[PDB]
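*Asks:* Got data20.csv for you, CSV, C-alpha atoms and all ligand atoms:
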chain,number,residue,atom,x,y,z
T,1,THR,CA,95.1,115.3,338.0
T,2,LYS,CA,91.3,114.8,338.0
T,3,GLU,CA,89.8,111.4,338.7
T,4,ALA,CA,86.4,110.7,337.3
T,5,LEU,CA,83.5,109.4,339.3
T,6,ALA,CA,82.7,107.0,336.4
T,7,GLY,CA,83.6,103.6,337.9
T,8,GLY,CA,86.3,101.2,336.6
T,9,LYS,CA,87.1,99.4,339.9
T,10,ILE,CA,85.1,97.0,342.1
T,11,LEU,CA,82.3,98.5,344.2
T,12,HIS,CA,82.8,98.3,348.0
T,13,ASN,CA,79.7,99.6,349.7
T,14,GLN,CA,79.4,97.3,352.7
T,15,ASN,CA,80.4,97.6,356.4
T,16,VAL,CA,80.8,101.3,357.0
T,17,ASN,CA,82.9,100.7,360.1
T,18,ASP,CA,85.6,99.2,357.9
T,19,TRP,CA,85.9,102.1,355.5
T,20,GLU,CA,88.7,104.5,355.2
T,21,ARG,CA,88.4,108.0,356.7
T,22,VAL,CA,90.2,110.9,355.0
T,23,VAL,CA,91.3,114.3,356.2
T,24,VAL,CA,89.1,117.3,355.3
T,25,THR,CA,91.3,120.3,354.6
T,26,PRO,CA,89.2,123.5,354.8
T,27,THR,CA,89.7,125.8,351.8
T,28,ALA,CA,89.0,129.5,352.4
T,29,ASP,CA,87.9,130.6,348.9
T,30,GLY,CA,84.6,128.7,348.7
T,31,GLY,CA,82.5,131.8,348.5
T,32,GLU,CA,78.8,132.0,349.4
T,33,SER,CA,76.3,129.2,349.2
T,34,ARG,CA,72.5,129.4,349.1
T,35,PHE,CA,72.5,126.5,351.5
T,36,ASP,CA,72.7,127.2,355.3
T,37,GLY,CA,74.2,123.7,355.7
T,38,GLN,CA,74.7,120.5,353.8
T,39,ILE,CA,75.4,116.8,354.1
T,40,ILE,CA,78.0,115.2,351.9
T,41,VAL,CA,76.9,111.6,351.6
T,42,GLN,CA,79.7,109.2,350.7
T,43,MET,CA,78.1,106.1,349.2
T,44,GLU,CA,81.1,103.7,348.7
T,45,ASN,CA,84.5,102.9,350.2
T,46,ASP,CA,86.7,104.1,347.3
T,47,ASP,CA,89.6,106.5,347.4
T,48,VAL,CA,88.3,108.7,344.6
T,49,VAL,CA,84.9,108.9,346.2
T,50,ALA,CA,86.2,109.5,349.7
T,51,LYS,CA,88.6,112.3,348.5
T,52,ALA,CA,85.8,113.9,346.5
T,53,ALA,CA,83.4,113.9,349.5
T,54,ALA,CA,86.1,115.4,351.8
T,55,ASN,CA,87.0,118.1,349.2
T,56,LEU,CA,83.3,119.1,348.9
T,57,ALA,CA,83.1,119.5,352.6
T,58,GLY,CA,86.4,121.5,352.6
T,59,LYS,CA,84.7,124.1,350.3
T,60,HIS,CA,82.3,125.1,353.1
T,61,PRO,CA,84.1,123.8,356.2
T,62,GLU,CA,81.9,125.5,358.8
T,63,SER,CA,78.5,124.2,357.6
T,64,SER,CA,79.2,120.8,356.0
T,65,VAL,CA,78.7,117.4,357.5
T,66,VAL,CA,80.2,114.3,355.9
T,67,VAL,CA,78.4,111.0,356.4
T,68,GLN,CA,79.5,107.5,355.2
T,69,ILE,CA,76.6,105.1,354.6
T,70,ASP,CA,76.7,101.4,353.8
T,71,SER,CA,74.5,98.8,352.0
T,72,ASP,CA,72.9,97.9,355.4
T,73,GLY,CA,71.9,101.6,356.1
T,74,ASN,CA,74.5,102.0,358.8
T,75,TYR,CA,76.0,105.5,358.8
T,76,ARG,CA,78.7,107.4,360.6
T,77,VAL,CA,79.6,111.1,360.7
T,78,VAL,CA,83.2,111.6,359.6
T,79,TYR,CA,83.3,115.4,359.5
T,80,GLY,CA,81.2,118.3,360.9
T,81,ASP,CA,78.6,118.8,363.5
T,82,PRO,CA,74.9,117.8,362.8
T,83,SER,CA,73.8,120.7,364.9
T,84,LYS,CA,74.7,123.0,362.0
T,85,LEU,CA,72.0,121.4,359.9
T,86,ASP,CA,69.2,123.9,360.3
T,87,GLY,CA,67.8,126.0,357.5
T,88,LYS,CA,68.0,125.4,353.7
T,89,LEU,CA,69.9,122.2,353.2
T,90,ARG,CA,71.6,120.4,350.3
T,91,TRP,CA,72.8,116.8,350.2
T,92,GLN,CA,75.6,116.1,347.8
T,93,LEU,CA,75.7,112.4,347.0
T,94,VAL,CA,79.1,111.1,346.1
T,95,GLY,CA,79.7,107.8,344.4
T,96,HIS,CA,80.7,106.2,341.1
T,97,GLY,CA,78.1,106.1,338.4
T,98,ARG,CA,78.1,102.8,336.5
T,99,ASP,CA,76.0,100.4,334.4
T,100,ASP,CA,75.6,102.3,331.1
T,101,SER,CA,72.4,102.4,329.1
T,102,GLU,CA,70.8,104.4,326.3
T,103,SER,CA,70.0,107.0,328.9
T,104,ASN,CA,73.5,106.8,330.5
T,105,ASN,CA,74.3,105.2,333.9
T,106,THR,CA,71.7,103.3,335.9
T,107,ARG,CA,73.5,102.9,339.3
T,108,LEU,CA,75.2,105.2,341.8
T,109,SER,CA,77.4,103.2,344.2
T,110,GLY,CA,75.5,100.0,343.1
T,111,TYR,CA,72.0,101.5,343.8
T,112,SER,CA,69.3,102.0,341.2
T,113,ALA,CA,67.3,105.2,341.4
T,114,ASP,CA,64.5,103.5,343.3
T,115,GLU,CA,66.9,101.8,345.7
T,116,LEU,CA,68.8,105.0,346.3
T,117,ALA,CA,65.6,106.8,347.2
T,118,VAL,CA,64.6,104.2,349.7
T,119,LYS,CA,68.1,104.2,351.3
T,120,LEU,CA,68.0,108.0,351.7
T,121,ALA,CA,64.5,108.1,353.1
T,122,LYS,CA,65.6,105.6,355.8
T,123,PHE,CA,68.7,107.5,356.4
T,124,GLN,CA,66.8,110.8,357.0
T,125,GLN,CA,64.8,109.2,359.7
T,126,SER,CA,67.7,107.3,361.3
T,127,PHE,CA,69.9,110.5,361.3
T,128,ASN,CA,67.1,112.6,362.7
T,129,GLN,CA,66.5,110.0,365.4
T,130,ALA,CA,70.2,109.5,366.4
T,131,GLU,CA,71.3,113.1,366.0
T,132,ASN,CA,68.0,114.8,367.1
T,133,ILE,CA,68.1,117.0,364.0
T,134,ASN,CA,65.9,117.7,360.9
T,135,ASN,CA,68.3,117.0,358.0
T,136,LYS,CA,65.5,117.4,355.4
T,137,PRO,CA,67.1,118.5,352.1
T,138,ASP,CA,65.7,121.1,349.7
T,139,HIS,CA,68.2,120.1,347.0
T,140,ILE,CA,70.2,117.0,346.0
T,141,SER,CA,73.3,117.4,344.0
T,142,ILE,CA,74.2,114.0,342.4
T,143,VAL,CA,78.0,113.9,342.4
T,144,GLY,CA,78.6,110.9,340.1
T,145,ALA,CA,79.3,110.6,336.4
T,146,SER,CA,76.7,110.4,333.7
T,147,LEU,CA,73.5,109.9,335.8
T,148,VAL,CA,71.1,111.7,333.3
T,149,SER,CA,70.7,111.3,329.6
T,150,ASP,CA,72.7,113.4,327.2
T,151,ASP,CA,69.6,115.4,326.2
T,152,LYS,CA,68.8,115.8,330.0
T,153,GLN,CA,65.3,114.3,329.5
T,154,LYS,CA,65.6,110.7,330.7
T,155,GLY,CA,67.6,108.4,332.9
T,156,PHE,CA,68.7,108.1,336.5
T,157,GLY,CA,68.1,111.6,337.7
T,158,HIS,CA,64.5,111.5,336.5
T,159,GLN,CA,63.7,108.2,338.1
T,160,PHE,CA,65.4,109.4,341.2
T,161,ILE,CA,63.5,112.6,341.7
T,162,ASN,CA,60.2,110.7,341.4
T,163,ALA,CA,61.3,107.9,343.6
T,164,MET,CA,62.5,110.4,346.3
T,165,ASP,CA,59.1,112.1,346.2
T,166,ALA,CA,57.3,108.7,346.5
T,167,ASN,CA,59.4,108.0,349.6
T,168,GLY,CA,58.5,111.4,351.1
T,169,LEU,CA,61.4,113.6,350.1
T,170,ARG,CA,60.3,116.3,347.6
T,171,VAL,CA,63.6,117.7,346.4
T,172,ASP,CA,65.1,119.5,343.5
T,173,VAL,CA,67.9,117.4,341.9
T,174,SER,CA,71.0,118.5,340.0
T,175,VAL,CA,72.6,115.8,337.9
T,176,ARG,CA,75.3,115.5,335.1
T,177,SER,CA,75.2,113.7,331.8
T,178,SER,CA,79.0,113.7,331.5
T,179,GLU,CA,81.9,112.4,333.4
T,180,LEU,CA,82.5,114.3,336.6
T,181,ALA,CA,85.4,114.9,339.0
T,182,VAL,CA,85.9,117.0,342.1
T,183,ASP,CA,89.2,119.0,342.6
T,184,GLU,CA,91.2,119.8,345.7
T,185,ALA,CA,89.1,123.0,346.2
T,186,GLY,CA,85.9,121.0,346.2
T,187,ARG,CA,84.9,122.3,342.7
T,188,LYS,CA,83.4,120.1,340.1
T,189,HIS,CA,84.8,119.4,336.6
T,190,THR,CA,82.9,117.8,333.7
T,191,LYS,CA,84.2,116.5,330.4
T,192,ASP,CA,83.5,118.3,327.2
T,193,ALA,CA,82.8,116.7,323.8
T,194,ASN,CA,86.6,116.6,323.2
T,195,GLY,CA,87.2,114.6,326.4
T,196,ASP,CA,88.8,117.5,328.2
T,197,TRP,CA,88.0,118.4,331.8
T,198,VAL,CA,86.3,121.8,332.1
T,199,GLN,CA,84.6,123.8,334.8
T,200,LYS,CA,81.2,125.6,334.8
T,201,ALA,CA,80.0,123.8,331.6
T,202,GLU,CA,76.3,124.3,332.4
T,203,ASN,CA,75.5,122.3,329.3
T,204,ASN,CA,76.6,119.1,331.1
T,205,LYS,CA,74.2,119.5,334.0
T,206,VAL,CA,70.4,119.9,334.5
T,207,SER,CA,68.4,120.9,337.6
T,208,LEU,CA,65.2,119.0,337.9
T,209,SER,CA,62.4,120.6,339.8
T,210,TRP,CA,58.7,120.5,340.6
Y,1,LIG,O1,78.9,129.4,343.7
Y,1,LIG,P1,80.0,128.6,343.0
Y,1,LIG,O2,81.3,128.9,343.7
Y,1,LIG,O3,79.9,128.9,341.6
Y,1,LIG,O4,79.8,127.0,343.3
Y,1,LIG,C1,78.7,126.4,342.7
Y,1,LIG,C2,77.5,126.2,343.7
Y,1,LIG,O5,77.9,125.5,344.9
Y,1,LIG,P2,78.2,126.3,346.3
Y,1,LIG,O6,77.0,126.0,347.1
Y,1,LIG,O7,79.4,125.6,346.8
Y,1,LIG,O8,78.4,127.8,346.0
Y,1,LIG,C3,76.4,125.4,343.0
Y,1,LIG,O9,75.4,125.2,343.9
Y,1,LIG,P3,73.8,125.6,343.5
Y,1,LIG,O10,73.3,126.7,344.4
Y,1,LIG,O11,73.8,126.1,342.0
Y,1,LIG,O12,73.0,124.3,343.7
Y,1,LIG,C4,76.9,124.0,342.6
Y,1,LIG,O13,75.9,123.3,342.0
Y,1,LIG,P4,75.3,121.9,342.6
Y,1,LIG,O14,74.5,122.3,343.8
Y,1,LIG,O15,74.4,121.5,341.4
Y,1,LIG,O16,76.4,121.0,342.9
Y,1,LIG,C5,78.1,124.2,341.6
Y,1,LIG,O17,78.5,123.0,341.1
Y,1,LIG,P5,78.7,122.8,339.4
Y,1,LIG,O18,80.2,123.0,339.1
Y,1,LIG,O19,78.3,121.4,339.1
Y,1,LIG,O20,77.9,123.9,338.8
Y,1,LIG,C6,79.2,125.0,342.3
Y,1,LIG,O21,80.2,125.2,341.4
Y,1,LIG,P6,81.7,124.6,341.7
Y,1,LIG,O22,81.8,123.3,341.0
Y,1,LIG,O23,82.7,125.6,341.0
Y,1,LIG,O24,81.9,124.4,343.1
Y,2,NA,NA,78.4,129.8,345.7
Would you put the structure from the file into structure tokens?
*Replies:*
Amino acid sequence: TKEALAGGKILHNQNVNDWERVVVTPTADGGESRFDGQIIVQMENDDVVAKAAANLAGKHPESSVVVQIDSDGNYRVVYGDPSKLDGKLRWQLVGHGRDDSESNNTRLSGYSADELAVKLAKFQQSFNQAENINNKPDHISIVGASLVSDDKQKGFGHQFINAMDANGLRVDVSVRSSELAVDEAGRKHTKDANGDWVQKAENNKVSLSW
């Protein structure tokens, strides 16, 4: 059964050292990725979020690093080796989207688009300093429900791509206007107009670029 990343329970994003850690099970049918490595960034201490982050890493088990990061900016690596992060990198940000508006959700794991950009910019420098690694992403995949407007023209993803650039991270951003879930193979599902979970519905996502 799919569990949406659309909120519904209380946000717990503080004190990373007190978060659950879940097992990543490598799946062997992940195929090829354009990214040489990736960071899965788990943004809150919630079972749906933690499982989704672990399942994404399991799709590319040899080149994925999972980080948990809290409201104070403290982070820890819970899967993978940062030394694999060389080349064309993606970050997949995993959290619940919440706080609806005319342009859909306004917060991912409690963070506005501006706040999220600041957090990620600090994290890039902290991670690079502590791990001695350039983790600079080319692409951010926002793995949370309904973080761009239905027509794909407004909302969180648009404010986020600009705020990221303002904070020194020029990235492409993929983001979904619908509810979103991650399955046991690390593949994403969105909800269609009928409320049914589907895969590869390109109409539910947009890739914002420069
Ligand atoms: O090649 P596929 O097996 O079809 O997997 C794709 C691919 O991810 P991989 O890197 O794991 O191959 C996409 O990556 P892009 O190069 O297009 O960026 C990703 O898109 P996002 O990066 O935007 O997350 C997409 O996810 P989506 O379902 O949202 O299209 C995902 O497909 P799966 O969901 O089946 O893993
Ligand atoms: Na692929």
*Asks:* So that I can check the surroundings of residue 49 of chain T, please list as a PyMOL selection string every protein, DNA and RNA residue that reaches within 10 Å of it, counting all atoms listed in the file and ignoring chain neighbours fewer than 4 positions away.
*Replies:* chain T and resi 3-5+7+42-45+53-55+93-96+109+143-144+181-182
*Asks:* Counting only C-alpha atoms, figure out which residue out of T:92, T:177, T:103, T:83 gets nearest to residue 131 of chain T.
*Replies:*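 Of T:92, T:177, T:103, T:83, the one nearest residue 131 of chain T is T:83, counting only C-alpha atoms.
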*Asks:* Within 10 Å of segment 147-154 of chain T, counting all atoms listed in the file, which residues show up once you throw out same-chain ones fewer than 5 positions away? Write them as number ranges by chain, please.
*Replies:* T: 6, 96-108, 113, 142, 159-160, 174-179, 203-208
*Asks:* Could I get the residues of chain T with an atom no further than 8 Å from an atom of ligand LIG 1 (chain Y), each paired with its nearest atom pair and that distance in Å to one decimal, using all atoms listed in the file, sorted by chain and residue number, as JSON lines?
*Replies:*
{"residue": "T:30", "atom": "CA", "partner": "Y:LIG1", "partner_atom": "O2", "distance": 6.0}
{"residue": "T:31", "atom": "CA", "partner": "Y:LIG1", "partner_atom": "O2", "distance": 5.7}
{"residue": "T:32", "atom": "CA", "partner": "Y:LIG1", "partner_atom": "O8", "distance": 5.4}
{"residue": "T:33", "atom": "CA", "partner": "Y:LIG1", "partner_atom": "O6", "distance": 3.9}
{"residue": "T:34", "atom": "CA", "partner": "Y:LIG1", "partner_atom": "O10", "distance": 5.5}
{"residue": "T:35", "atom": "CA", "partner": "Y:LIG1", "partner_atom": "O6", "distance": 6.3}
{"residue": "T:56", "atom": "CA", "partner": "Y:LIG1", "partner_atom": "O7", "distance": 7.9}
{"residue": "T:59", "atom": "CA", "partner": "Y:LIG1", "partner_atom": "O7", "distance": 6.5}
{"residue": "T:60", "atom": "CA", "partner": "Y:LIG1", "partner_atom": "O7", "distance": 7.0}
{"residue": "T:90", "atom": "CA", "partner": "Y:LIG1", "partner_atom": "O14", "distance": 7.4}
{"residue": "T:92", "atom": "CA", "partner": "Y:LIG1", "partner_atom": "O16", "distance": 7.0}
{"residue": "T:139", "atom": "CA", "partner": "Y:LIG1", "partner_atom": "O12", "distance": 7.2}
{"residue": "T:140", "atom": "CA", "partner": "Y:LIG1", "partner_atom": "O14", "distance": 7.2}
{"residue": "T:141", "atom": "CA", "partner": "Y:LIG1", "partner_atom": "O16", "distance": 4.9}
{"residue": "T:142", "atom": "CA", "partner": "Y:LIG1", "partner_atom": "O16", "distance": 7.4}
{"residue": "T:143", "atom": "CA", "partner": "Y:LIG1", "partner_atom": "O16", "distance": 7.3}
{"residue": "T:173", "atom": "CA", "partner": "Y:LIG1", "partner_atom": "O15", "distance": 7.7}
{"residue": "T:174", "atom": "CA", "partner": "Y:LIG1", "partner_atom": "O15", "distance": 4.7}
{"residue": "T:175", "atom": "CA", "partner": "Y:LIG1", "partner_atom": "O15", "distance": 6.9}
{"residue": "T:176", "atom": "CA", "partner": "Y:LIG1", "partner_atom": "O19", "distance": 7.7}
{"residue": "T:182", "atom": "CA", "partner": "Y:LIG1", "partner_atom": "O22", "distance": 7.6}
{"residue": "T:185", "atom": "CA", "partner": "Y:LIG1", "partner_atom": "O24", "distance": 8.0}
{"residue": "T:186", "atom": "CA", "partner": "Y:LIG1", "partner_atom": "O24", "distance": 6.1}
{"residue": "T:187", "atom": "CA", "partner": "Y:LIG1", "partner_atom": "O22", "distance": 3.7}
{"residue": "T:188", "atom": "CA", "partner": "Y:LIG1", "partner_atom": "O22", "distance": 3.7}
{"residue": "T:189", "atom": "CA", "partner": "Y:LIG1", "partner_atom": "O18", "distance": 6.4}
{"residue": "T:190", "atom": "CA", "partner": "Y:LIG1", "partner_atom": "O19", "distance": 8.0}
{"residue": "T:199", "atom": "CA", "partner": "Y:LIG1", "partner_atom": "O18", "distance": 6.2}
{"residue": "T:200", "atom": "CA", "partner": "Y:LIG1", "partner_atom": "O18", "distance": 5.1}
{"residue": "T:201", "atom": "CA", "partner": "Y:LIG1", "partner_atom": "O20", "distance": 7.5}
{"residue": "T:202", "atom": "CA", "partner": "Y:LIG1", "partner_atom": "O20", "distance": 6.6}
{"residue": "T:205", "atom": "CA", "partner": "Y:LIG1", "partner_atom": "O19", "distance": 6.8}
{"residue": "T:207", "atom": "CA", "partner": "Y:LIG1", "partner_atom": "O15", "distance": 7.1}
*Asks:* Could those residues be written to a file, using C-alpha atoms, as a CSV table (one decimal), keeping the file's coordinate frame?
*Replies:*
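So the final result, stored in part-v2.csv, reads:
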chain,number,residue,atom,x,y,z
T,30,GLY,CA,84.6,128.7,348.7
T,31,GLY,CA,82.5,131.8,348.5
T,32,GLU,CA,78.8,132.0,349.4
T,33,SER,CA,76.3,129.2,349.2
T,34,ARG,CA,72.5,129.4,349.1
T,35,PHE,CA,72.5,126.5,351.5
T,56,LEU,CA,83.3,119.1,348.9
T,59,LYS,CA,84.7,124.1,350.3
T,60,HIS,CA,82.3,125.1,353.1
T,90,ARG,CA,71.6,120.4,350.3
T,92,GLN,CA,75.6,116.1,347.8
T,139,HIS,CA,68.2,120.1,347.0
T,140,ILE,CA,70.2,117.0,346.0
T,141,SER,CA,73.3,117.4,344.0
T,142,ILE,CA,74.2,114.0,342.4
T,143,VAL,CA,78.0,113.9,342.4
T,173,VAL,CA,67.9,117.4,341.9
T,174,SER,CA,71.0,118.5,340.0
T,175,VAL,CA,72.6,115.8,337.9
T,176,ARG,CA,75.3,115.5,335.1
T,182,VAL,CA,85.9,117.0,342.1
T,185,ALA,CA,89.1,123.0,346.2
T,186,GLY,CA,85.9,121.0,346.2
T,187,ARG,CA,84.9,122.3,342.7
T,188,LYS,CA,83.4,120.1,340.1
T,189,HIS,CA,84.8,119.4,336.6
T,190,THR,CA,82.9,117.8,333.7
T,199,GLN,CA,84.6,123.8,334.8
T,200,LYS,CA,81.2,125.6,334.8
T,201,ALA,CA,80.0,123.8,331.6
T,202,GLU,CA,76.3,124.3,332.4
T,205,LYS,CA,74.2,119.5,334.0
T,207,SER,CA,68.4,120.9,337.6
*Asks:* As an exercise, work out the distance from atom CA of residue 78 of chain T to atom CA of residue 66 of chain T in Å and give it to one decimal place.
*Replies:*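 Atom-to-atom, atom CA of residue 78 of chain T and atom CA of residue 66 of chain T are spaced 5.5 Å apart.
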*Asks:* Mind checking which residues fall within 10 Å of residue 84 of chain T, counting all atoms listed in the file, ignoring those fewer than 2 positions away in the same chain, and posting them as an MDAnalysis selection string?
*Replies:* chainID T and resid 36:38 62:65 80:82 86:87 133 135
*Asks:* Just the number, please: distance in Å from atom CA of residue 13 of chain T to atom CA of residue 70 of chain T, one decimal.
*Replies:*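 Between atom CA of residue 13 of chain T and atom CA of residue 70 of chain T the gap is 5.4 Å.
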*Asks:* Check the smallest atom-to-atom distance from each of T:1, T:29, T:164, T:71 to ligand NA 2 (chain Y) using all atoms listed in the file, then report the winner.
*Replies:*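 Smallest separation from ligand NA 2 (chain Y) among the options: T:29.
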*Asks:* I'd like the interatomic distance between atom CA of residue 58 of chain T and atom CA of residue 123 of chain T, to a tenth of an Å.
*Replies:*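 Between these atoms lies a distance of 22.9 Å.
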*Asks:* Select, from T:132, T:125, T:27, T:146, the residue with the minimum atom-to-atom distance to residue 169 of chain T, counting only C-alpha atoms.
*Replies:*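 Looking at the shortest contact to residue 169 of chain T, the residue is T:125.
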*Asks:* With all atoms listed in the file as the basis for distance, which of T:198, T:171, T:118, T:11 is at the shortest distance from residue 46 of chain T?
*Replies:*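 Between T:198, T:171, T:118, T:11, the residue approaching residue 46 of chain T most closely is T:11.
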*Asks:* From the list T:41, T:180, T:145, T:161, which residue is nearest residue 124 of chain T when using all atoms listed in the file?
*Replies:*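 Under the stated criterion, the closest residue is T:41.
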*Asks:* From the options T:10, T:61, T:50, T:163, which residue's atoms come nearest to residue 112 of chain T, counting all atoms listed in the file?
*Replies:* T:163
*Asks:* For segment 193-199 of chain T, I'd like the enclosing box, axis-aligned and padded by 8 Å on every side, reported as AutoDock Vina command-line options with centre and edge lengths in Å to one decimal.
*Replies:*
--center_x 85.8 --center_y 119.2 --center_z 329.0 --size_x 22.0 --size_y 25.2 --size_z 27.6
